[PDB]
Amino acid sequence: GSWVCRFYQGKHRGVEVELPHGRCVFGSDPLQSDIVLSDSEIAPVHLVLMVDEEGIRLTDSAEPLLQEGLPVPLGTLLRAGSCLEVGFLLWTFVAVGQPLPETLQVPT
(Lines of atoms letter the chains of each structure in order from A and count residues from 1; the text may use other names and numbers.)
(Lines give C-alpha, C1' and ligand atoms only; values in the text may rest on other atoms or scores of the structure.)
Protein backbone atom coordinates (compact mmCIF):
# COMPACT_ATOMS: atom_id res chain seq x y z
CA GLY A 1 0.00 0.00 0.00
CA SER A 2 3.05 2.25 -0.33
CA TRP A 3 3.14 2.72 -4.12
CA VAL A 4 0.71 3.41 -6.96
CA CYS A 5 1.46 3.00 -10.68
CA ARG A 6 -0.31 4.40 -13.74
CA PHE A 7 -0.27 3.19 -17.36
CA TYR A 8 -0.02 5.48 -20.40
CA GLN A 9 -0.56 3.32 -23.53
CA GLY A 10 -3.07 0.76 -24.76
CA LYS A 11 -6.18 -0.69 -23.13
CA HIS A 12 -5.23 0.31 -19.58
CA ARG A 13 -4.19 3.88 -20.26
CA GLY A 14 -5.19 6.16 -17.42
CA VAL A 15 -5.76 3.30 -14.96
CA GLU A 16 -3.95 3.50 -11.62
CA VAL A 17 -3.06 0.46 -9.60
CA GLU A 18 -1.88 0.04 -6.03
CA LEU A 19 1.26 -2.07 -5.93
CA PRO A 20 1.14 -5.07 -3.56
CA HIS A 21 4.19 -5.77 -1.44
CA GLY A 22 6.60 -8.59 -2.13
CA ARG A 23 7.04 -10.04 -5.61
CA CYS A 24 4.88 -8.11 -8.09
CA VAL A 25 4.25 -9.49 -11.60
CA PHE A 26 2.77 -7.53 -14.53
CA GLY A 27 1.70 -9.83 -17.38
CA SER A 28 -1.12 -11.04 -19.63
CA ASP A 29 -1.41 -14.43 -17.93
CA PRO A 30 -3.67 -14.37 -14.82
CA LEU A 31 -2.09 -17.60 -13.54
CA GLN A 32 1.32 -15.97 -13.26
CA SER A 33 0.55 -12.25 -12.88
CA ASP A 34 -0.66 -10.04 -10.01
CA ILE A 35 -1.42 -7.14 -12.32
CA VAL A 36 -3.12 -8.49 -15.43
CA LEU A 37 -2.77 -6.47 -18.65
CA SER A 38 -4.80 -7.38 -21.71
CA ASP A 39 -2.84 -5.77 -24.59
CA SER A 40 -1.64 -8.34 -27.12
CA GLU A 41 1.85 -6.71 -26.82
CA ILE A 42 2.24 -7.83 -23.20
CA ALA A 43 3.91 -11.22 -22.51
CA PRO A 44 2.43 -13.85 -20.14
CA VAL A 45 5.03 -12.64 -17.64
CA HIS A 46 6.20 -9.18 -18.73
CA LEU A 47 7.69 -7.41 -15.69
CA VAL A 48 8.66 -8.72 -12.25
CA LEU A 49 9.28 -6.29 -9.37
CA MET A 50 10.19 -6.64 -5.70
CA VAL A 51 8.14 -4.08 -3.81
CA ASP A 52 8.45 -2.91 -0.20
CA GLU A 53 8.11 0.23 1.91
CA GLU A 54 11.54 1.57 0.89
CA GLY A 55 10.95 1.27 -2.85
CA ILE A 56 10.69 -0.93 -5.89
CA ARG A 57 13.38 -3.09 -7.44
CA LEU A 58 13.62 -4.66 -10.89
CA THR A 59 13.66 -8.46 -10.65
CA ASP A 60 13.10 -9.52 -14.25
CA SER A 61 11.35 -8.43 -17.49
CA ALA A 62 10.42 -9.78 -20.93
CA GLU A 63 12.78 -7.23 -22.46
CA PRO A 64 15.07 -4.58 -20.98
CA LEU A 65 13.48 -2.07 -18.64
CA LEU A 66 14.32 1.47 -19.71
CA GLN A 67 14.22 4.29 -17.19
CA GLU A 68 14.35 7.71 -18.83
CA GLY A 69 15.65 5.82 -21.87
CA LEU A 70 18.48 3.99 -20.08
CA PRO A 71 18.52 0.23 -19.49
CA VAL A 72 18.18 -0.68 -15.81
CA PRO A 73 20.35 -3.48 -14.39
CA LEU A 74 18.59 -6.24 -12.45
CA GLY A 75 18.20 -5.53 -8.72
CA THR A 76 18.22 -1.77 -9.24
CA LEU A 77 15.92 0.51 -7.22
CA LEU A 78 13.67 2.44 -9.59
CA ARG A 79 13.07 6.20 -9.52
CA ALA A 80 9.56 7.33 -8.58
CA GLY A 81 7.89 9.48 -11.25
CA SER A 82 10.33 8.57 -14.04
CA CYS A 83 9.43 7.35 -17.51
CA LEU A 84 9.57 3.54 -17.32
CA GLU A 85 9.26 1.21 -20.35
CA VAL A 86 9.28 -2.49 -21.06
CA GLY A 87 8.43 -2.53 -24.75
CA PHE A 88 4.75 -1.61 -25.01
CA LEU A 89 4.40 -1.35 -21.20
CA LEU A 90 4.76 2.40 -20.53
CA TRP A 91 4.30 3.37 -16.90
CA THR A 92 5.50 5.26 -13.84
CA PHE A 93 4.84 5.02 -10.11
CA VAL A 94 4.78 7.36 -7.11
CA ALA A 95 4.46 7.15 -3.33
CA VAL A 96 0.88 6.84 -2.13
CA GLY A 97 -0.52 10.34 -1.71
CA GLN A 98 1.47 11.92 -4.54
CA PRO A 99 0.36 13.21 -7.98
CA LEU A 100 0.78 11.01 -11.07
CA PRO A 101 1.66 12.94 -14.22
CA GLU A 102 -1.09 13.21 -16.84
CA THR A 103 1.38 12.24 -19.53
CA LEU A 104 4.85 10.75 -19.87
CA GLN A 105 7.45 11.98 -22.30
CA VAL A 106 9.46 9.12 -23.83
CA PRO A 107 13.16 10.01 -24.34
CA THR A 108 15.38 9.25 -27.33
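Numbering starts at 1 and runs along the sequence shown.
Engineer: Using the B-factors recorded in the PDB entry, average over the C-alpha atoms of 36-44 and of 63-71, then report which stretch comes out higher.
Structural biologist: It is 63-71 that shows the higher mean C-alpha B-factor.
Engineer: If you take the mean CA temperature factor per stretch, which one wins between 27-35 and 52-60?
Structural biologist: Result of the comparison: 52-60.
Engineer: If you rank every modelled residue in this chain by C-alpha B factor, which third holds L19: lowest, middle or highest?
Structural biologist: Answer is middle: the recorded C-alpha B-factor places it there.
Engineer: Can you tell me which third, lowest, middle or highest, the CA B-factor of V106 falls into for its chain?
Structural biologist: Tercile = highest for this residue's CA B-factor.
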